[PDB]
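Here is the structure we will look at.
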Amino acid sequence: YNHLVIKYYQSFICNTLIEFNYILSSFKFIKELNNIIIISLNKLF
Amino acid sequence: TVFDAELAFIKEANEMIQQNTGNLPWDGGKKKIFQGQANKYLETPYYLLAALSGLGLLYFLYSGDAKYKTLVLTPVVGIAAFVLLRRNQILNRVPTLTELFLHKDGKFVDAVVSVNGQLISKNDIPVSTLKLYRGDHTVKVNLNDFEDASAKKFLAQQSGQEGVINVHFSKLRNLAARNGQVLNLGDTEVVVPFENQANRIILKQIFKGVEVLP
Amino acid sequence: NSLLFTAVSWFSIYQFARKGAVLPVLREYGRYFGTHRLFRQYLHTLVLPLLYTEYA
Amino acid sequence: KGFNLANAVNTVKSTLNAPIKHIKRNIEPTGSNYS
Amino acid sequence: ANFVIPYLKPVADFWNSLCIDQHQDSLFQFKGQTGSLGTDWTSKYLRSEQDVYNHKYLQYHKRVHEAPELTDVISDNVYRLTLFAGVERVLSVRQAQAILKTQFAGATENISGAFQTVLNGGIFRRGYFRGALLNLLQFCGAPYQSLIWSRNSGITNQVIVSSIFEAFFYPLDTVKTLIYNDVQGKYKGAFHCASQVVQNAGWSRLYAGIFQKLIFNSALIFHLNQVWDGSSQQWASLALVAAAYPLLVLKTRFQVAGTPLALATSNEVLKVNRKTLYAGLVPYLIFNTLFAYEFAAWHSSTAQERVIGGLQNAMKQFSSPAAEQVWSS
Amino acid sequence: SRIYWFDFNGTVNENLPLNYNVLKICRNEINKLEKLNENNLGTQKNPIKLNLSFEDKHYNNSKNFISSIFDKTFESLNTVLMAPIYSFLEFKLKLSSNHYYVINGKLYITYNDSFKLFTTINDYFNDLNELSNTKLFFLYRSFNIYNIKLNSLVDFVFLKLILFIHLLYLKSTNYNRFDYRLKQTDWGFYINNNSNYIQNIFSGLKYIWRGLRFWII
Amino acid sequence: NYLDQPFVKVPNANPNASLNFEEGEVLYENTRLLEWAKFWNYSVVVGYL
Amino acid sequence: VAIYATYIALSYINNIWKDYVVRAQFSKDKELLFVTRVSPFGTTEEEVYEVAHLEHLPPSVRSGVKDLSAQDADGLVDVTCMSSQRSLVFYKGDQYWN
Amino acid sequence: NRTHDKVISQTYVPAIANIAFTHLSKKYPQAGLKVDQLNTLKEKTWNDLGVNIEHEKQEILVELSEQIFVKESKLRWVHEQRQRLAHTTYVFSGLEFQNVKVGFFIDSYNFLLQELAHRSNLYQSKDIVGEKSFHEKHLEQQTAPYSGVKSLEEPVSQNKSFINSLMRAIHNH
Amino acid sequence: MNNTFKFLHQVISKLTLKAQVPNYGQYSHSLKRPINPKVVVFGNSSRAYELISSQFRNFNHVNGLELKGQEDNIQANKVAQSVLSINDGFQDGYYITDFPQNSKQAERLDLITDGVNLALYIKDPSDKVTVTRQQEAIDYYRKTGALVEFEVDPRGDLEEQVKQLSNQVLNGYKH
């Protein structure tokens, strides 16, 4: 979450100085892996 | 005449002493009142290590010649390398103020800011707009989240959840301005490095919003 | 052995004379030709070992 | 500005005189009288 | 035996290979006969003790006649490249020391000063072994290819081929010299240093002292050829190399001149004090005399005759001193 | 062994050694005076009048490179060819082959482009040694103060670990099982711990190392 | 049993509460001894081996 | 033989170096002396002494005062901690002292 | 309960506490944040005091950097304060102090300050002159001027001979 | 920060300090002196003058008594311009006499020059003007920690006093 916020802030600053590809470079992979591990835990691991 | 290395080094040392104290003359109406340095972090070795770990895991899936210790160490090394790569990518794109020149009239400043090694120049910034933050501030995501549904939900869940979300800079200091202070240049906020050679009197005057007399 | 002794003696005389430490073995400025103690010490440390070697 | 035999001899003398204090301290009689 | 010996035993095997006569040991491994006499332990020992000089002769024959191999040349000059590779950096720093600011960081203007400047960084990539891989690459490039393209050639053809190849590979020499002299470690590598030089001074700045290097290489090749032949002109060649050494010093100073590594710009390299022209003459001569280049391909007829005659004379010991002179034999 | 007197009209403080720039001005004045004597200026009763202010005393191209390397190659060949000849000529000149000025009431020696106070030969050698020490370690003493990045990391890491320990014993009581066991015994030589154990945490590893220290090798 | 002295008390394991262990002025410092120590120790060990 | 010879060598090498003082720093009230000494493997180990128990004892043999290290200008000064009968060996050179 | 380990110098702990508590009282009045109550405040966390130290951490660091002068440091107070600000900003930005006691925060800042002071002296005492190393003694000896044979450079006519001139040249270079 | 990790922390910190200052262990005694020593001397007496002459023999003199009656910013600027250069004789050391007379001048000089490397107080009871005219400057330099007070007996031994002053000045320099 902090990485996403910081990337958004840096992208906004760079755009103002003169986009979301860098912000969301690997969000899906991390989110899917974390959700899979949470599901495995919910399976009483 | 013959070359004298001692006098050449005396001249070089005098120049270095003048630069360290921040004392620079007026050359062409722009007085260099600030010089900074931007940290450069490695990304290619970590990306290569992460890719190698992924390919090794895939190969060990293809061929069952993988030890238990190998199957344990490879994902750990890959995850660590990927985390370090992401951290270095975030740290490299930090916009750091590298050079700052003062106008002759003492009311505008020309800023050269480094973003991932790219130098961006702003040649008109009123001194009254400058504000050095002597402490953490709050960043705002004004465009809701302005992204896909999944990312928007993720950013909304761990935040104010109501439109514009405000995040205190304390949660982001270790990756955005860990090696400097946030300076609002009217429109944009850059990171002035702690390692810097600047004209301390003029820098103190301008960074509080106070203009410098011609 | 004589050449090693001569080399060591010449090296010592040169290195110590560079700092002004000249061993007071002979008279300063000779007697007939006015040669200096440094030159006569070099000559002796070159010749006398050879004479002793030949005699032995 | 180079090798010099006087400095070498001084260093050799310093090297030889360095362990004197520790040997003397080892030989020193303590304030102990083990009757 | 299951956890330590599998790792300790290879080290002991390597130690024995470095210590024990490998050809003789391998000969002793095949004990037995298959219909021929002279395959017992005694005959094998005798031929193995005669096989040392024969193997030396065969290696020299391969170096002289057959096409040169990189491994053979490297092993022939292993001490210059592996262990005393930092002495090359020391000599380069000594040559460039007159304009190198090393006098202002805990060092003097002598060979001890250059040694301490090199060794202050450490014993590795930032210190003694800085540029050692670049030195190995330069050796694989210029002298090895010169040997390849002029195998059995006269001194003039050797000089011509060597000059052509040193001209072709000179930017690597400039990069290596710049990497030798950065006491503060400004350059992170060969590519980084070359990129900085090209960006700040252009491509033509990589050829600062190419002509001085070529002339000094001609002199050095003549000296090496006179040394290999064993002629009495070794002292004349040493005098010639001593005379040509200021060319090498000027080459190093021109290479490091315009960079921030040096106090003097290029136009000021010829303004340096004349007494500093022979910056590292005696250390350079001592180092080359001890570990000189051994290019057995370039050996002339006299050098080949000398080496082979030495081996043949060494082969005369395999007879009984008290051998009766018999009427019928 | 010249003698000169300078009258500064009180502009230059005479209770402290003369500045390098003041002595340089005096040396230039003497050099101008010695070329053509000016009424024997510099006598005790006829001093030289100098009004030295604060500022006076204290304030003071591939083709091109190809042509350049060719010309410098020719000049380098000339220098190499002439170097032994120049050395021999200089040596023959050596074979073929004052500095004290009494400025006011003190003795000075001609040093560099100015004068230097000269009291004893030992003090002169000490001044030479101090100047050599100043020149010799200039780059060592001018190190980067803000090169602490790595150092910072070290500190941070340890504090991080310590922080975790503080997060592990936030609501943890002082007493252990042995404390109640001791409270049940008549062992007056042992007392019960009354403070937090975060300061001395993981000391058993230290004592384990000390126990096996001489036995590992 | 042996620490249970019948006539006197054994010293307390902890230092006296009156004592203050805060750092003060440095009196003597010869750090190079450590290096010498290392040297000699290592030398002996190597020689011993 | 290997185990005990190595143990004896290391232990007695450490014992020889255990007298010397690498560093000595007072407490704030100057009631304690923190003495850094040589560890078995060459690094630091810290001890604490009470300054009240430290004494520069004269030799038991009165004729041996001549044969002391402290007679020299650069010798050694042995100060006995009497509450533990330990030795603190200082270099009596002014450059090592505050 | 207590070991024989020296405690870090508490010279600047009252100053650090005073500056931090003055700033926090400017921000959080009626929190009972006084340097006189330092012991009781040390034994309590920031949540108990109702203080969000995370928000005030950077301002506290800047004020501590500005308003504390460390005399036992071989860095000039400008450079010393700037380096301390950088180092403490890095370290404290890495850390999280909300769930721990006030004593940990103050002791950690004092530890960083004293460690920077120690490093500025290269881990040697500022008050001890020390002995020159092998390199320093070697360089001191090697830069000593060479005073050659002074008897050769005399106005005596005996020094005008070729042999005397040769010896004079080769010795007094 | 605690007792257990102290040894590991100090070992690693000693190892990592070589990154910033290479070979600090072998040159520590040589690093006690800064590159450009700016000294501010307060003692104004006969014995004080003898100590200044003996100690700062190779340093240059900046007579701040001339800068009288200016704006307390012109004086500091001029003094800073006088102490931020190296002579052709490689004399990078300067000592300034009677310049700082109040806190403002000292603050300005420290801001321009990033602070003076040493402030020295001879503390001779035989002089009267030093406490009357530079007490604010002495208090300021004691506040910043750059002040070294070397108590001097005017009837004491000059050689012992100069040796003690040399040691104290060498140990009192700031980078």
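Residues in the structure tokens are numbered from 1 in each chain, the chains being A, B, ... in the order shown, and ligands are numbered from 1 in the order shown.
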
Taking the DSSP assignment computed from this structure's backbone, write out as a list in words all residues of range 105-174 of chain B that belong to strand (DSSP E).
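The strand (DSSP E) residues within range 105-174 of chain B come out as residues 108, 109, 110, 111, 112, 113, 114, 115, 118, 119, 120, 121, 122, 123, 124, 125, 126, 130, 131, 132, 138, 139, 140, 141, 165, 166, 167 and 168 of chain B.
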
Please save N, CA, C and O atoms of the selected residues as a JSON list (two decimals), in the first residue's frame.
[["chain", "number", "residue", "atom", "x", "y", "z"],
["B", 108, "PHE", "N", 13.14, 35.33, -7.78],
["B", 108, "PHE", "CA", 12.86, 34.10, -8.50],
["B", 108, "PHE", "C", 14.07, 33.18, -8.43],
["B", 108, "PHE", "O", 15.21, 33.64, -8.34],
["B", 109, "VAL", "N", 13.81, 31.88, -8.47],
["B", 109, "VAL", "CA", 14.86, 30.87, -8.39],
["B", 109, "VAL", "C", 14.70, 29.89, -9.54],
["B", 109, "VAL", "O", 13.58, 29.50, -9.89],
["B", 110, "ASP", "N", 15.83, 29.52, -10.14],
["B", 110, "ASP", "CA", 15.86, 28.51, -11.20],
["B", 110, "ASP", "C", 16.32, 27.19, -10.60],
["B", 110, "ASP", "O", 17.41, 27.12, -10.02],
["B", 111, "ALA", "N", 15.50, 26.16, -10.73],
["B", 111, "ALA", "CA", 15.73, 24.87, -10.09],
["B", 111, "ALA", "C", 16.01, 23.81, -11.14],
["B", 111, "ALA", "O", 15.33, 23.73, -12.16],
["B", 112, "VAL", "N", 17.03, 22.99, -10.88],
["B", 112, "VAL", "CA", 17.37, 21.83, -11.69],
["B", 112, "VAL", "C", 17.17, 20.61, -10.80],
["B", 112, "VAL", "O", 17.91, 20.42, -9.82],
["B", 113, "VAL", "N", 16.18, 19.79, -11.14],
["B", 113, "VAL", "CA", 15.72, 18.69, -10.31],
["B", 113, "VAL", "C", 15.97, 17.38, -11.04],
["B", 113, "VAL", "O", 15.64, 17.26, -12.23],
["B", 114, "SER", "N", 16.55, 16.41, -10.35],
["B", 114, "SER", "CA", 16.89, 15.12, -10.94],
["B", 114, "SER", "C", 15.80, 14.10, -10.61],
["B", 114, "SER", "O", 15.51, 13.85, -9.44],
["B", 115, "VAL", "N", 15.21, 13.53, -11.65],
["B", 115, "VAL", "CA", 14.25, 12.44, -11.53],
["B", 115, "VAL", "C", 14.82, 11.26, -12.30],
["B", 115, "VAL", "O", 14.83, 11.26, -13.53],
["B", 118, "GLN", "N", 17.29, 12.16, -14.82],
["B", 118, "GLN", "CA", 16.85, 13.10, -15.83],
["B", 118, "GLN", "C", 16.71, 14.48, -15.20],
["B", 118, "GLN", "O", 16.04, 14.63, -14.18],
["B", 119, "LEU", "N", 17.34, 15.48, -15.81],
["B", 119, "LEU", "CA", 17.38, 16.82, -15.26],
["B", 119, "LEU", "C", 16.24, 17.65, -15.84],
["B", 119, "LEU", "O", 16.17, 17.86, -17.05],
["B", 120, "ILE", "N", 15.36, 18.13, -14.96],
["B", 120, "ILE", "CA", 14.23, 18.97, -15.34],
["B", 120, "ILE", "C", 14.48, 20.36, -14.78],
["B", 120, "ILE", "O", 14.82, 20.51, -13.60],
["B", 121, "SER", "N", 14.31, 21.38, -15.61],
["B", 121, "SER", "CA", 14.64, 22.75, -15.26],
["B", 121, "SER", "C", 13.38, 23.60, -15.17],
["B", 121, "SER", "O", 12.58, 23.64, -16.12],
["B", 122, "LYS", "N", 13.20, 24.28, -14.04],
["B", 122, "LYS", "CA", 12.15, 25.28, -13.85],
["B", 122, "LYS", "C", 12.83, 26.63, -13.70],
["B", 122, "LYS", "O", 13.53, 26.87, -12.72],
["B", 123, "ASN", "N", 12.61, 27.52, -14.67],
["B", 123, "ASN", "CA", 13.34, 28.78, -14.73],
["B", 123, "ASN", "C", 12.56, 29.97, -14.18],
["B", 123, "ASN", "O", 13.03, 31.10, -14.29],
["B", 124, "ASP", "N", 11.39, 29.74, -13.58],
["B", 124, "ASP", "CA", 10.62, 30.83, -12.99],
["B", 124, "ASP", "C", 9.82, 30.28, -11.81],
["B", 124, "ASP", "O", 8.74, 29.72, -12.00],
["B", 125, "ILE", "N", 10.36, 30.44, -10.61],
["B", 125, "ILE", "CA", 9.67, 30.07, -9.38],
["B", 125, "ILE", "C", 9.80, 31.22, -8.38],
["B", 125, "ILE", "O", 10.91, 31.47, -7.88],
["B", 126, "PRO", "N", 8.73, 31.94, -8.07],
["B", 126, "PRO", "CA", 8.83, 33.03, -7.10],
["B", 126, "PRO", "C", 9.26, 32.52, -5.73],
["B", 126, "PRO", "O", 8.84, 31.46, -5.27],
["B", 130, "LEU", "N", 8.22, 29.32, -2.45],
["B", 130, "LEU", "CA", 9.05, 28.28, -1.85],
["B", 130, "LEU", "C", 8.64, 28.03, -0.41],
["B", 130, "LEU", "O", 8.28, 28.95, 0.33],
["B", 131, "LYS", "N", 8.69, 26.76, 0.00],
["B", 131, "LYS", "CA", 8.39, 26.41, 1.39],
["B", 131, "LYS", "C", 9.13, 25.14, 1.75],
["B", 131, "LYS", "O", 8.77, 24.06, 1.28],
["B", 132, "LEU", "N", 10.16, 25.25, 2.58],
["B", 132, "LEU", "CA", 10.86, 24.07, 3.07],
["B", 132, "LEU", "C", 10.12, 23.54, 4.29],
["B", 132, "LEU", "O", 9.94, 24.26, 5.28],
["B", 138, "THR", "N", 1.40, 16.18, 4.74],
["B", 138, "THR", "CA", 0.37, 15.23, 4.32],
["B", 138, "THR", "C", 0.19, 15.33, 2.82],
["B", 138, "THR", "O", -0.10, 16.41, 2.29],
["B", 139, "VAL", "N", 0.34, 14.20, 2.12],
["B", 139, "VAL", "CA", 0.07, 14.13, 0.70],
["B", 139, "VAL", "C", -1.39, 13.77, 0.49],
["B", 139, "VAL", "O", -2.03, 13.17, 1.35],
["B", 140, "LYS", "N", -1.93, 14.15, -0.66],
["B", 140, "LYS", "CA", -3.34, 13.95, -0.96],
["B", 140, "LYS", "C", -3.51, 13.34, -2.35],
["B", 140, "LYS", "O", -2.82, 13.74, -3.29],
["B", 141, "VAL", "N", -4.42, 12.38, -2.45],
["B", 141, "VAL", "CA", -4.78, 11.77, -3.73],
["B", 141, "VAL", "C", -6.10, 12.41, -4.13],
["B", 141, "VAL", "O", -7.19, 11.94, -3.78],
["B", 165, "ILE", "N", -8.11, 10.92, -0.37],
["B", 165, "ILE", "CA", -7.51, 10.32, 0.81],
["B", 165, "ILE", "C", -6.21, 11.05, 1.11],
["B", 165, "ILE", "O", -5.41, 11.31, 0.20],
["B", 166, "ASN", "N", -6.02, 11.40, 2.37],
["B", 166, "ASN", "CA", -4.82, 12.09, 2.83],
["B", 166, "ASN", "C", -3.94, 11.11, 3.60],
["B", 166, "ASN", "O", -4.41, 10.45, 4.53],
["B", 167, "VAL", "N", -2.67, 11.03, 3.20],
["B", 167, "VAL", "CA", -1.70, 10.14, 3.83],
["B", 167, "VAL", "C", -0.58, 10.99, 4.41],
["B", 167, "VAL", "O", 0.03, 11.79, 3.69],
["B", 168, "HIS", "N", -0.31, 10.82, 5.70],
["B", 168, "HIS", "CA", 0.76, 11.57, 6.34],
["B", 168, "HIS", "C", 2.11, 11.09, 5.82],
["B", 168, "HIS", "O", 2.32, 9.90, 5.60]]

8 Å contact set for residue 192 in chain B, only C-alpha atoms, chain neighbours under 5 positions out, as an mmCIF file with N, CA and C atoms, in the first residue's frame:
data_model
loop_
_atom_site.group_PDB
_atom_site.id
_atom_site.type_symbol
_atom_site.label_atom_id
_atom_site.label_comp_id
_atom_site.auth_asym_id
_atom_site.auth_seq_id
_atom_site.Cartn_x
_atom_site.Cartn_y
_atom_site.Cartn_z
ATOM 1 N N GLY B 36 23.227 20.051 -4.997
ATOM 2 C CA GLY B 36 22.900 18.827 -4.299
ATOM 3 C C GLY B 36 23.322 17.608 -5.093
ATOM 4 N N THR B 96 14.791 14.908 -6.748
ATOM 5 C CA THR B 96 15.679 15.583 -5.813
ATOM 6 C C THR B 96 16.181 16.877 -6.433
ATOM 7 N N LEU B 97 16.107 17.964 -5.670
ATOM 8 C CA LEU B 97 16.640 19.240 -6.127
ATOM 9 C C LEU B 97 18.159 19.167 -6.180
ATOM 10 N N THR B 98 18.721 19.286 -7.380
ATOM 11 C CA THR B 98 20.163 19.181 -7.563
ATOM 12 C C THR B 98 20.857 20.531 -7.665
ATOM 13 N N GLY B 180 16.721 13.620 2.646
ATOM 14 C CA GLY B 180 16.549 15.043 2.425
ATOM 15 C C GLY B 180 15.239 15.515 3.009
ATOM 16 N N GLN B 181 14.971 16.800 2.808
ATOM 17 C CA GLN B 181 13.761 17.440 3.300
ATOM 18 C C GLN B 181 12.873 17.838 2.129
ATOM 19 N N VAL B 182 11.564 17.763 2.335
ATOM 20 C CA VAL B 182 10.621 18.080 1.270
ATOM 21 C C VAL B 182 10.506 19.591 1.133
ATOM 22 N N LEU B 183 10.706 20.084 -0.085
ATOM 23 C CA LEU B 183 10.640 21.504 -0.401
ATOM 24 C C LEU B 183 9.555 21.715 -1.445
#

Which neighbours of range 26-43 of chain A fall inside 8 Å, counting only C-alpha atoms, when residues of the same chain fewer than 2 positions from it are skipped, and could you give them as a ChimeraX atom specification?
/A:24,45 /B:151

Resulting file, chosen residues, N, CA, C and O atoms, as a short mmCIF file (atom, residue, chain, number, x, y, z; two decimals), in the first residue's frame:
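Written output follows (part-v2.cif):
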data_model
loop_
_atom_site.label_atom_id
_atom_site.label_comp_id
_atom_site.auth_asym_id
_atom_site.auth_seq_id
_atom_site.Cartn_x
_atom_site.Cartn_y
_atom_site.Cartn_z
N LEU A 24 1.57 0.78 -11.14
CA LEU A 24 0.99 -0.56 -11.00
C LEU A 24 1.82 -1.60 -11.74
O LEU A 24 1.28 -2.45 -12.46
N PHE A 45 -4.53 -23.68 7.90
CA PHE A 45 -3.12 -24.04 7.79
C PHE A 45 -2.40 -23.70 9.09
O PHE A 45 -1.82 -24.57 9.74
N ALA B 151 -7.32 -1.84 -8.02
CA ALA B 151 -6.37 -0.94 -7.38
C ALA B 151 -7.10 0.16 -6.61
O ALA B 151 -6.66 0.56 -5.52
#

Find the residues of chain J in contact range of chain B, meaning any atom within 12 Å when counting only C-alpha atoms, and list them as a list in words.
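Output check: residues 35, 36, 37, 73, 77, 80, 81, 83, 84, 85, 86, 87, 88, 89, 90, 91, 92, 107, 108, 109, 110, 111, 112, 113, 114 and 115 of chain J.
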
Fewer than 5 positions away in the same chain doesn't count, so skip those; otherwise give me all residues within 8 Å of residue 30 in chain D, counting only C-alpha atoms, as a PyMOL selection string.
chain H and resi 57-61

Resulting file, chosen residues, N, CA and C atoms, as a short mmCIF file (atom, residue, chain, number, x, y, z; two decimals), in the first residue's frame:
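Below is the file result05.cif, written as the result:
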data_model
loop_
_atom_site.label_atom_id
_atom_site.label_comp_id
_atom_site.auth_asym_id
_atom_site.auth_seq_id
_atom_site.Cartn_x
_atom_site.Cartn_y
_atom_site.Cartn_z
N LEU H 57 52.03 -0.48 43.98
CA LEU H 57 52.75 -1.10 45.09
C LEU H 57 54.25 -1.15 44.80
N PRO H 58 55.09 -0.82 45.78
CA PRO H 58 56.53 -0.99 45.61
C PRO H 58 56.90 -2.46 45.62
N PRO H 59 58.04 -2.81 45.03
CA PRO H 59 58.43 -4.23 44.99
C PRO H 59 58.67 -4.79 46.38
N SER H 60 58.41 -6.09 46.52
CA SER H 60 58.74 -6.77 47.76
C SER H 60 60.24 -6.79 48.00
N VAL H 61 61.02 -6.99 46.95
CA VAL H 61 62.48 -6.97 47.03
C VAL H 61 62.93 -5.53 46.82
#

Within chain C, find each residue whose DSSP state, derived from the backbone, is helix (DSSP H, G or I), and express the selection as an NGL selection string.
:C and (2-17 or 37-55)

Distance filter 9 Å, only C-alpha atoms, chain B against chain I, as a PyMOL selection string
chain B and resi 134-137+168-174+178-180+193-195

What does the structure give for the distance between CA of residue 17 in chain J and CA of residue 148 in chain F, in Å to one decimal?
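According to the coordinates, CA of residue 17 in chain J and CA of residue 148 in chain F are separated by 8.2 Å.
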
I'd like the contact shell of residue 85 in chain H - 12 Å cut-off, only C-alpha atoms, skipping same-chain residues fewer than 4 positions apart - returned as a CSV table (one decimal) with C-alpha atoms, in the first residue's frame.
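Output file around.csv follows:
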chain,number,residue,atom,x,y,z
D,30,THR,CA,56.1,-7.8,42.4
D,31,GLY,CA,54.9,-6.4,45.8
D,32,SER,CA,54.4,-10.1,46.8
H,19,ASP,CA,47.7,-7.7,32.4
H,49,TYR,CA,37.6,-1.8,38.9
H,53,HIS,CA,41.5,-0.5,45.4
H,54,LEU,CA,44.1,0.5,42.8
H,55,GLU,CA,47.6,1.0,44.2
H,57,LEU,CA,52.8,-1.1,45.1
H,78,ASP,CA,52.0,-1.9,36.9
H,79,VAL,CA,49.1,-0.9,39.1
H,80,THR,CA,47.7,-3.6,41.3
H,81,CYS,CA,43.9,-3.9,41.9

Mind running chain F against chain G at 12 Å and telling me each contacting residue's nearest atom pair with the distance in Å (one decimal), counting only C-alpha atoms, chain and number ascending, as CSV?
residue,atom,partner,partner_atom,distance
F:186,CA,G:4,CA,9.6
F:187,CA,G:4,CA,7.9
F:188,CA,G:4,CA,8.3
F:189,CA,G:12,CA,6.4
F:190,CA,G:13,CA,7.4
F:191,CA,G:12,CA,8.5
F:192,CA,G:14,CA,10.9
F:193,CA,G:14,CA,10.2
F:194,CA,G:14,CA,11.9
F:217,CA,G:45,CA,10.0

Got a sec: who's within 12 Å of residue 124 in chain E, counting only C-alpha atoms, leaving out chain neighbours fewer than 4 positions off, as a PyMOL selection string?
chain E and resi 83+85-86+118-120+128-133

Any idea which chain E residues end up within 9 Å of chain I if we count only C-alpha atoms, as a PyMOL selection string please?
chain E and resi 106-108

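Near residue 43 in chain I, within 7 Å and counting only C-alpha atoms, sit residues 39, 40, 101 and 103 of chain I; same-chain residues fewer than 3 positions away were not included.
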
Report as a list in words the set of chain I residues whose atoms approach chain G to within 10 Å, with distances computed over only C-alpha atoms.
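Putting it all together, I get residues 1, 2, 3, 4, 5, 6, 7, 8, 9, 10, 11, 123, 124, 125, 126, 127, 128, 129, 130, 131 and 133 of chain I.
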
Expected file contents, prior selection, N, CA and C atoms, as a compact mmCIF listing (two decimals), in the first residue's frame:
# COMPACT_ATOMS: atom_id res chain seq x y z
N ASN I 1 20.59 -8.44 38.27
CA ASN I 1 19.67 -7.36 37.93
C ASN I 1 20.41 -6.24 37.21
N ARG I 2 21.59 -5.88 37.69
CA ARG I 2 22.47 -4.93 37.03
C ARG I 2 23.81 -5.59 36.77
N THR I 3 24.35 -5.40 35.57
CA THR I 3 25.66 -5.90 35.22
C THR I 3 26.70 -4.80 35.37
N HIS I 4 27.96 -5.19 35.21
CA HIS I 4 29.07 -4.24 35.29
C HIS I 4 29.40 -3.65 33.92
N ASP I 5 28.37 -3.15 33.24
CA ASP I 5 28.52 -2.56 31.92
C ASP I 5 28.29 -1.06 32.03
N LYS I 6 29.21 -0.27 31.48
CA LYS I 6 29.10 1.17 31.60
C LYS I 6 27.90 1.68 30.82
N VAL I 7 27.19 2.63 31.41
CA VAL I 7 26.01 3.24 30.81
C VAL I 7 26.45 4.42 29.97
N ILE I 8 25.79 4.61 28.82
CA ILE I 8 26.14 5.70 27.93
C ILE I 8 25.96 7.04 28.65
N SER I 9 26.78 8.02 28.28
CA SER I 9 26.78 9.30 28.96
C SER I 9 25.42 9.99 28.84
N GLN I 10 24.92 10.48 29.96
CA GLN I 10 23.61 11.13 30.03
C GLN I 10 23.73 12.65 30.03
N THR I 11 24.77 13.19 29.40
CA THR I 11 24.97 14.63 29.39
C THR I 11 23.83 15.35 28.67
N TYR I 123 36.72 6.74 16.82
CA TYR I 123 36.71 5.75 17.90
C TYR I 123 37.98 5.80 18.74
N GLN I 124 38.49 7.01 18.96
CA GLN I 124 39.57 7.26 19.89
C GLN I 124 39.20 8.48 20.73
N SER I 125 39.84 8.61 21.89
CA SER I 125 39.50 9.68 22.81
C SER I 125 39.98 11.01 22.26
N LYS I 126 39.11 12.02 22.30
CA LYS I 126 39.46 13.35 21.84
C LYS I 126 40.54 13.99 22.69
N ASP I 127 40.69 13.56 23.94
CA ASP I 127 41.61 14.19 24.88
C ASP I 127 42.99 13.53 24.91
N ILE I 128 43.17 12.39 24.25
CA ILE I 128 44.44 11.69 24.21
C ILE I 128 45.14 12.01 22.90
N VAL I 129 46.39 12.46 22.98
CA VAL I 129 47.14 12.79 21.78
C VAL I 129 47.38 11.55 20.93
N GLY I 130 47.77 10.45 21.56
CA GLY I 130 47.98 9.20 20.85
C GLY I 130 49.37 9.10 20.26
N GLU I 131 49.71 7.89 19.84
CA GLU I 131 50.99 7.59 19.23
C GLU I 131 50.83 7.50 17.72
N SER I 133 51.22 6.24 13.99
CA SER I 133 51.28 4.89 13.47
C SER I 133 52.59 4.67 12.71
